Number of protein chains: 6
Amino acid sequence: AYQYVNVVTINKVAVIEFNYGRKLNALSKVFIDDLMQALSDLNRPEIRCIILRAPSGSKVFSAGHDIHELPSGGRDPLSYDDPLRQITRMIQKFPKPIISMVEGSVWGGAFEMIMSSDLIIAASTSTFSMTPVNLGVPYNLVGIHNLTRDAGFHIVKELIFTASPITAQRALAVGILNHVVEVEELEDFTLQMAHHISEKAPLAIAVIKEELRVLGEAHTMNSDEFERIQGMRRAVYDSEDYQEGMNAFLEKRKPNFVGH
Amino acid sequence: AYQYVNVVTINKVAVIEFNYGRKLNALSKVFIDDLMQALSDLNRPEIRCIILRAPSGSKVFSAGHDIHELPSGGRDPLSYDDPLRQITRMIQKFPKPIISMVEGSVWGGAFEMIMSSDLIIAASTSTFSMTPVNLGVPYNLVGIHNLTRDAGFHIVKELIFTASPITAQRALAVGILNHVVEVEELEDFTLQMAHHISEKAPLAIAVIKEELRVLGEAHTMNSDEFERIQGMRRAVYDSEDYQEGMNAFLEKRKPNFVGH
Amino acid sequence: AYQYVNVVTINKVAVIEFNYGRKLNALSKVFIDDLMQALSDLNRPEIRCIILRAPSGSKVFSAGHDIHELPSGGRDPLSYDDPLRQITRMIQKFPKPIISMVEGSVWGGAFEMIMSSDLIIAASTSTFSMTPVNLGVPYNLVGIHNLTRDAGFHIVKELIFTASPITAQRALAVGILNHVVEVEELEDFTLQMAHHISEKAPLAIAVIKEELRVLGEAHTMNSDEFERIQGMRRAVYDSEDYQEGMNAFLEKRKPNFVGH
Amino acid sequence: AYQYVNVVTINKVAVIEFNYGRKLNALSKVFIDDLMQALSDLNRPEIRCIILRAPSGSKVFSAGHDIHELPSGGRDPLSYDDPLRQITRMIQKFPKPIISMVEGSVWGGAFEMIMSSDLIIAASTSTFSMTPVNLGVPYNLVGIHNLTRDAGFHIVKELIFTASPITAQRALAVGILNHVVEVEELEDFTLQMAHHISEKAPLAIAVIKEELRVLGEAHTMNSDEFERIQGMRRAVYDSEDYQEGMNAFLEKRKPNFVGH
Amino acid sequence: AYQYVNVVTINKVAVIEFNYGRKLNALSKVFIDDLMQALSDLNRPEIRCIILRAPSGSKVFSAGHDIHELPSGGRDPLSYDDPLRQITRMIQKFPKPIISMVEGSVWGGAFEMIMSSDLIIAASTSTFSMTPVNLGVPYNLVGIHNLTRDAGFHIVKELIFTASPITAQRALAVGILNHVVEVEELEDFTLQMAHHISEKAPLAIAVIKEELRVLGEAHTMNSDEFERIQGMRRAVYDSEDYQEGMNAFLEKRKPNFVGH
Amino acid sequence: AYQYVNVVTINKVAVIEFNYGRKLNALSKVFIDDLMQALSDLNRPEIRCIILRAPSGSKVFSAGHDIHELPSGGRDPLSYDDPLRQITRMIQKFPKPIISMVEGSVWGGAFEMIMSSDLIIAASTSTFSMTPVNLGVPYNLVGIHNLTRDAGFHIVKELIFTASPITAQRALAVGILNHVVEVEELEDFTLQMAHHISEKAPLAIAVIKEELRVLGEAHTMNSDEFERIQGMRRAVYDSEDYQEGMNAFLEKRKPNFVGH
Ligand SMILES: CC(C(=O)NCCNC(=O)CCNC(=O)[C@H](O)C(C)(C)COP(=O)(O)OP(=O)(O)OC[C@H]1O[C@@H](n2cnc3c(N)ncnc32)[C@H](O)[C@@H]1OP(=O)(O)O)=[N+]([O-])[O-]
Ligand SMILES: CC(C(=O)NCCNC(=O)CCNC(=O)[C@H](O)C(C)(C)COP(=O)(O)OP(=O)(O)OC[C@H]1O[C@@H](n2cnc3c(N)ncnc32)[C@H](O)[C@@H]1OP(=O)(O)O)=[N+]([O-])[O-]
Ligand SMILES: CC(C(=O)NCCNC(=O)CCNC(=O)[C@H](O)C(C)(C)COP(=O)(O)OP(=O)(O)OC[C@H]1O[C@@H](n2cnc3c(N)ncnc32)[C@H](O)[C@@H]1OP(=O)(O)O)=[N+]([O-])[O-]
Ligand SMILES: CC(C(=O)NCCNC(=O)CCNC(=O)[C@H](O)C(C)(C)COP(=O)(O)OP(=O)(O)OC[C@H]1O[C@@H](n2cnc3c(N)ncnc32)[C@H](O)[C@@H]1OP(=O)(O)O)=[N+]([O-])[O-]
Ligand SMILES: CC(C(=O)NCCNC(=O)CCNC(=O)[C@H](O)C(C)(C)COP(=O)(O)OP(=O)(O)OC[C@H]1O[C@@H](n2cnc3c(N)ncnc32)[C@H](O)[C@@H]1OP(=O)(O)O)=[N+]([O-])[O-]
Ligand SMILES: CC(C(=O)NCCNC(=O)CCNC(=O)[C@H](O)C(C)(C)COP(=O)(O)OP(=O)(O)OC[C@H]1O[C@@H](n2cnc3c(N)ncnc32)[C@H](O)[C@@H]1OP(=O)(O)O)=[N+]([O-])[O-]
Ligand SMILES: [K+]
Ligand SMILES: [K+]
Ligand code: NI
Ligand code: NI
């Protein structure tokens, strides 16, 4: 059993349901460690497809990164072993398909988390925002890359630069979602597709998923370019604005950004 | 003349029509060798645009890889000089635009074949499936990469992991197709576009096509990553599941996959 | 302050308006030098978002490359320091969002220019074409790469190989545009999005934009592939067809291309 | 204990000594499994430097790949999980320096193995050969790359194309070896260098070793190039020459190669 | 015109002499800023070649990184705008050849600095060491890469893992140095070569140097590999060993490293 | 027969001897066309090794690129189809070893040509120079890359920036040559090694040569880097210095370079 998730398996399909609603399923270390343990426990030959979901009737699918656990001490907020960074790698390397079944609003790191999964099926009332420019966070290269494989560059830059929510209808139209259904059809539609996938050849699915993962990462650059980017990110996480972003969030007020 | 295609030339446009209805235009070696000979013969300055089509009225555009020619046991079924691998490279390197004009159902390797062409114009009643997970086939890197340049990652993964057919309307909406037209207008519509392209500067078209080919291919990885992927693909084509998929296809029964 | 653009600032938003209507805002060296000086002058902490536009009522947003300024006699027409190549780099490296607010028709290098910007909001009556195959021009790798980050390969190849205009509605559908609005609403809609972006964290916006730029460029090739392409481009700029394409534009007649 | 190796620790230095002299320390699966187990068991904070050696007085350091374990059956002889391929990866990813201390003759896969290690210190009487052209073996990309980081291309090609042994003195002159010493001084010279390295910062050593490993692997190519090489390798392991080379070695006669 | 360097111009050759003897030409910000200003001021068409030197008679060419300025606690010591990182970029991008003319002992960052220059001519009594493993420093990817273009991997790993000094004779034998001369001949030999270079075509020299720079940097990797290495680097600069290495250097005692 | 080369076959070895003494075996278009035709004619299974040589007693091995065939200005002098660019690709792709057997002086493009071959065996009196900085020529990336796989960067930069000849003894010490022998021993020393290689497995040699070729080329960069380099090379071939370099050679005088 798990403190922060609930797992139900029938036949070859496992549903991992978030159980962290008192914190709006924020991506706290304790929540992510339990989600990763649950996925690892399901890495068995008789499990063929995973669904990730919030409880039925959730207003908020996930509030994203826990803003209390963001470092404000001049440390990289999105280093390789940060919980958000660990869960996106683990989803992408997992040798079974992972479907995000979305009811409610999706924020920031949680939007990256569902974009790292294999398919997204969403309620017609679900909404999606990408929020680092609301907090002054310098998103990392891997995290940004995870957002660029579905919608085009102009659409991705609108989502990030405005931090404005988009509807499930627009998220379908721009190529982010696989399917949008009425919320009362969401579970039945998603289970039908998951159980269908579980009848197909699992070893062929696993190697094709791994081929897609490698090709998706195969945007290569030299060491100088990476180190130049890391210097730019460091200047951001050393900024007055980054302190103001976090301060405004916990004081429940609007940040005032100034460009330092 | 050719045993397995019929070629017609109208000014600067060449139409190559499959003549392999006996096997529903399956990508047999003898069919692909005639298709490649026909294209090579058309590599002349006075030809400016190619159309690939099945005969008018076809229910099946192409049934995909000839399953009777797929290597059994531990032989790579999608090696460099396999017919499907040869025709996709030839289409992509050919210095004139190649338009796939689609009537009927499109399966597996024939879907990768039309995706490798420059433009796809299809009948409102045409349908599209990608089927290696039905058979347990470890699709190759180059073949998967050919499926990723039009629709986004989540859509591609739905197509491959479900092996379910999509309509021409959905294939248009997700960016696979250029145009969908009523079947009685398909030929006229496609020829009008081909004649129009044929008025443009062919050397400019050829170098821009090759620039897009090179950029499309420019997802680079180290030797270890390629050899690791090759080891995973060999484990799949060595598996009981691969034998079961091939056998189930031939015996016309549902395969029973077990994950080894 | 500039001969060929007008700049107005509204709180933290700067609007750079073309003032070259006597040449339909063609991308002449004198125009681009003024556009680049205006952008450089706006790289100030109190400026948070840029809008590029043509004057209200413009039938032609930009007629594209100044065809009089293209070299004739066996010279690369799209070298690293040609004005179109300079302005796309400058837009992409600029540390503030640049929104292209489009009224009227967009041609050739002007289409590449708006594609290189961060967001595109367009009038319902605006139209878009990519024209090098009309003139026999061997477009450069960087230039072509700039057209491939929004719509899929089949769509881009139709746009380039036909040189046919598409509508604002089709450009929205295929992923080129962010928004299409009635022309009477175009300025207010674009200014409210720009003001909204202007309240977000500028340093987070600048590092995410730069991360997207270098991931966008990170399609890598070996020296031989680049030099093989450059040799193909030189055969095109040495061709009879290239001279005929330039001649026909200047003599206002239909070119006759022959494939050498 | 181990059946096929003997381990001695001298404070922070561990010496792994081959114990397979009855098969001239050929790289059979049982010998390599024991070497990898002994390395894995030494991956402890109190160990800082490894030495690999043959027993004192060995005329043969290692006879290379066990030719009885080379598959002939149209199967890739150097696939990702073959013992030679496993041991070179493990030596390179091991977070402590590994020094090859060589007495006797070094052959084929055993030469690649010492090349994959961090330093090579050798007896003045030791000799070195790279032998796949004697057998008709299509050596794999990773394996060849492991031979190209010390001596230059012309020297590597002489070694491989001639399969002729070189002296310790020539191996020093061309950059393959760190040091050549009289056999009576070999053990002490090597131990003093290992003890000296063991006084330095182990975390600094490990991250610099890992940085050198990933820069050394960072020669990148597209999927088509890898698949094209793999097709060429398969044609070699399907060849009559390959069968002739294996049979000639086992029958102790000169092979007769004919080029198919 | 400079506090910390002296500049002598002989025909088209400029000789930049270090004037920071108080810290044995350690790479303090104040010294490096004056070295970079002097180089910038020499970027004129009438200057064709640069020589970098310590004063005639120097025991110590440069004592390396200023250990008093290296950030301690959890700050990256080798960030993009650290003085050593700036000076190696500037030397490599400088459009004239830069010859390191070496008398005395060369340590750590000063060794990387001379390795980044175009040619090295040294006195027979000069000596060379690479020192990060004496301090527990996690050297950065670009810094390590700068050390791998002259001697082979085994030799570079000996230099870095031992931090032992090598003689000029050995540095010449492994390919680090161009020439070794008696100290009395150092100025005559170096100036003769610099004068000879200055009669050659400067624009051909500049573009070839820049071609070599970009080919040298063209070892590419994906974002995940870079972020993984940066996480490992951060674990080292957070370590107790790193604090011990810095403290031991400042207290002029032997460090005791423990592996955390 | 051939107008400009003489070919002899000794068992399985073919010796191609230059016959263009009248321009000292300068790499004129018609000379290189016959060398390439002679190689193609020898691409047969009963030939296993090629030797390239000048006639016995030659003072000049080859005077390098034919300076008279270089363009006068405003054109790239080393385009993909140039004869030097053609012969180095053909040597590198040729599926049999090519040994350069060198007697006399080797200049410029002929030095690149022998560097592109597999092995170099040279007379003790032979000499070697790299000459583009004598003429003001902007060497191409592929050409420079062909000079970097044997000697280190410092040595290569000395050779190119000085254009000074080096001895066979120095070329051996820095890793350019395989062997140096007295001129009376050169022919039979080289034939002994070629006969020995000719008894080895030719398919294994061919796939290993090709693996080394693609690994050598696998230094990758983005389109913007390449086009930036090309623009810099264009500024050189457009310069006054390039025309001065060509004029000085024609007028048999020392050039006066001024840096524009
Ligand atoms: C990777 C990344 C990232 O993941 N950033 C975090 C992105 N998340 C967000 O921007 C969403 C932040 N929260 C909200 O917008 C709203 O809380 C919302 C999710 C719509 C739920 O609104 P709702 O009215 O239902 O509840 P609220 O009154 O807003 O807030 C409910 C409580 O949850 C807290 N909370 C909400 N989200 C978070 C979070 N992500 N981290 C920490 N606390 C949170 C609020 O501070 C309140 O705290 P407290 O007053 O009890 O101490 N990034 O780059 O920024
Ligand atoms: C690259 C790849 C790939 O290309 N795989 C193959 C993908 N192709 C398919 O899955 C489609 C397989 N075929 C079918 O679904 C059906 O034949 C269909 C195309 C719907 C047409 O049905 P239709 O009723 O009109 O004809 P069928 O009864 O299904 O089949 C008529 C015959 O054609 C054979 N056949 C059909 N497609 C193929 C094929 N691709 N290869 C070999 N034989 C085939 C069947 O096995 C039958 O053999 P036989 O009983 O006459 O000896 N992959 O990775 O798997
Ligand atoms: C990068 C690239 C590129 O940018 N190519 C250029 C792409 N641009 C174009 O194809 C548009 C060319 N022009 C046109 O299509 C039409 O001018 C159009 C924009 C529809 C406007 O029609 P309109 O009926 O008003 O014609 P005008 O207003 O008279 O245009 C006024 C003059 O502008 C000239 N002109 C138009 N576009 C251009 C241009 N790009 N360069 C130079 N002159 C131009 C016409 O030839 C007229 O010459 P002249 O009569 O004064 O001697 N490329 O690869 O090709
Ligand atoms: C990866 C790779 C590779 O690793 N190739 C293998 C490269 N190995 C070689 O070329 C070593 C060839 N062997 C020799 O030169 C000599 O056997 C040798 C290493 C010098 C020592 O000679 P010595 O005179 O002491 O002993 P030998 O009489 O030659 O041989 C002693 C016995 O060991 C066997 N043997 C030697 N090397 C091997 C091997 N690598 N695998 C299996 N058996 C071997 C011989 O066939 C004899 O078998 P048997 O007939 O008694 O059953 N490759 O690509 O080729
Ligand atoms: C990049 C990197 C790196 O660069 N590491 C640093 C590597 N450098 C070293 O290990 C050499 C450190 N310095 C020394 O060992 C000695 O100064 C040595 C070069 C042997 C010369 O000894 P000598 O007795 O002649 O001269 P010293 O009195 O030690 O040194 C003369 C003065 O320069 C200072 N100094 C010398 N080296 C350094 C340095 N690297 N950083 C800061 N100050 C230094 C000393 O503290 C003295 O200052 P002060 O005590 O008068 O205020 N790394 O990764 O580690
Ligand atoms: C790629 C590249 C390159 O390959 N450059 C070319 C590099 N080659 C050189 O710099 C060598 C130029 N030539 C010389 O230095 C001398 O000719 C040398 C090879 C030392 C031989 O001196 P030598 O006094 O014996 O004989 P020469 O009479 O000078 O030369 C015999 C004739 O061949 C011509 N020749 C010699 N080298 C070349 C050449 N590379 N191109 C064209 N003609 C040449 C001379 O101009 C003579 O013409 P003519 O006077 O009969 O009409 N690059 O970038 O520069
Ligand atoms: K709004
Ligand atoms: K300054
Ligand atoms: Ni990509
Ligand atoms: Ni390299």
Side-chain angles (χ1 to χ4, degrees), chain A residues 107-108 111 127-136 147 151-167 169-171 173-174 176 254-257 259, chain C residues 7-18 39 42 46-56 58 61 91-92 94-104 106 113-126 128 149-150 168-169 171-173 175-206 208-209 212:
Chain A
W107 302 86
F111 182 61
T127 56
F128 309 83
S129 300
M130 199 52 210
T131 56
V133 311
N134 280 346
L135 298 171
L147 305 182
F153 255 38
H154 296 154
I155 292 303
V156 172
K157 290 168 171 189
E158 176 182 352
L159 291 178
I160 298 173
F161 298 170
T162 68
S164 291
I166 64 164
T167 64
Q169 294 70 35
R170 189 164 184 215
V174 304
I176 285 167
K254 209 197 193 178
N256 193 55
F257 296 124
Chain C
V7 178
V8 314
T9 75
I10 307 157
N11 192 14
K12 294 178 276 177
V13 171
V15 181
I16 305 175
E17 179 181 281
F18 308 157
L39 268 177
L42 287 164
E46 80 270 10
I47 299 301
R48 296 264 278 273
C49 193
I50 312 298
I51 296 163
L52 310 177
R53 65 170 306 170
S56 200
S58 295
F61 175 87
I91 288 172
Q92 286 170 334
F94 200 76
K96 314 181 183 285
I98 301 171
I99 302 172
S100 290
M101 186 184 87
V102 176
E103 185 173 4
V106 180
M113 184 177 73
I114 63 168
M115 293 289 275
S116 76
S117 78
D118 301 306
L119 277 83
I120 310 174
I121 302 157
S124 65
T125 51
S126 64
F128 307 85
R149 305 204 175 90
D150 296 290
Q169 294 76 25
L172 186 72
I176 288 157
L177 301 184
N178 293 85
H179 295 281
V180 173
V181 293
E182 297 301 315
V183 68
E184 296 89 353
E185 302 304 324
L186 178 62
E187 184 192 40
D188 290 328
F189 182 100
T190 309
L191 282 172
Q192 286 172 281
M193 189 177 293
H195 288 306
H196 176 72
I197 293 165
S198 296
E199 299 298 340
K200 304 302 185 179
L203 302 177
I205 286 169
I208 294 167
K209 178 173 171 165
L212 283 165

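Hydrogens, waters and symmetry mates play no part in the numbers below; they use all other heavy atoms, side chains included. Within every chain, numbering begins at 1; the chains are lettered A, B, ... in the order of the sequence lines, protein sequences first and strands thereafter.
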[X] side chain to [Y] main-chain N or O, any donor-acceptor pair under 3.5 Å?
X: C:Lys209; Y: C:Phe94; answer: yes
X: C:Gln169; Y: C:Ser124; answer: yes
X: C:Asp118; Y: C:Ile98; answer: yes
X: A:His154; Y: C:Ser117; answer: yes

What distance separates [X] [atom1] from [Y] [atom2], expressed to the nearest 0.5 Å?
X: C:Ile50; Y: C:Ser198; atom1: CD1; atom2: OG; result: 9.0 Å
X: C:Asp150; Y: A:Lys157; atom1: CG; atom2: NZ; result: 8.0 Å
X: C:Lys96; Y: C:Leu42; atom1: NZ; atom2: CG; result: 9.0 Å
X: C:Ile120; Y: C:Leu52; atom1: CD1; atom2: CG; result: 10.5 Å
X: C:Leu191; Y: C:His196; atom1: CG; atom2: NE2; result: 14.5 Å

Quick one: are [X] and [Y] in side-chain contact, heavy atoms under 4.5 Å?
X: A:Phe128; Y: A:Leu159; result: no
X: C:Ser56; Y: C:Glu187; result: no
X: C:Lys12; Y: C:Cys49; result: no
X: A:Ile160; Y: A:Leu147; result: yes
X: C:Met115; Y: C:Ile176; result: yes
X: C:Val102; Y: C:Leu177; result: no
X: A:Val133; Y: C:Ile197; result: no
X: A:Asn134; Y: C:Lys200; result: yes

* **Given C:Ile16, C:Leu119, C:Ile10, C:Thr190, the one that forms side-chain contact (heavy atoms from CB on, under 4.5 Å) with C:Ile51** => C:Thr190

* Asked: Who are the side chain to side chain donor-acceptor pair (under 3.5 Å) partners of A:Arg170, not counting sequence neighbours?
  ->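 Checked A:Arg170 against side chain to side chain donor-acceptor pair (under 3.5 Å); matches are A:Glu158.
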
* Structure fact -> Sorted by chain and residue number, the side chain to side chain donor-acceptor pair (under 3.5 Å) partners of C:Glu17 (sequence neighbours excluded) come out as none

